[PDB]
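Next up is one chain by itself, shown in structure tokens, the form deposited in one PDB entry.
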């Protein structure tokens, strides 16, 4: 009948993606490490990469990556996929705040828009194209 007005704010209402890393490392320790690493490497951003709970592909043992601010999401996909156990026929998707980012985005763009108050950017991955 009538139009439905979609609002960007809806994206922000979803609950945060799971992060064992956040839960098991006290906030102040994370924030101190993130601030220090940002000062040390002004051309890089610190990223935490974790499996979405519903993902059906292999887990990732190493979570902490320091990435060039100009690396693109497509390049990051290549590098991270190399480290996960999945079939060539398995898919791989990344999520930042529950949303799949563009292949063309840079890690510095994602970091500026989405880093948390500990100065880390959190990315989840799944073989499914929805976070859960």
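Numbering follows the first chain given and starts at 1.
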**Asked** Is the mean CA B factor in the deposited entry higher across 65-73 or across 36-44?
**Response** 36-44
**Request:** Averaging only over Cα atoms, indicate whether 119-127 or 8-16 has the higher B-factor in the PDB entry.
**Result:** 8-16
**Item:** Highest-ranked of 52, 86, 100, 79 once sorted by CA temperature factor in the record
**Value:** 86
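Below, we refer to the form solved in complex with a partner chain, which is not included among the displayed structures.
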**Message:** Within 4.5 Å, heavy atoms only: does residue 44 come near the partner chain in the deposited bound form?
**Reply:** yes
**Message:** I'd like to know if residue 53 sits close to the partner chain in the deposited bound form, meaning any non-hydrogen atom pair within 4.5 angstroms.
**Reply:** no
**Asked** Does residue 68 make contact with the partner chain in the deposited bound form, using a 4.5 Å heavy atom cut-off?
**Response** yes
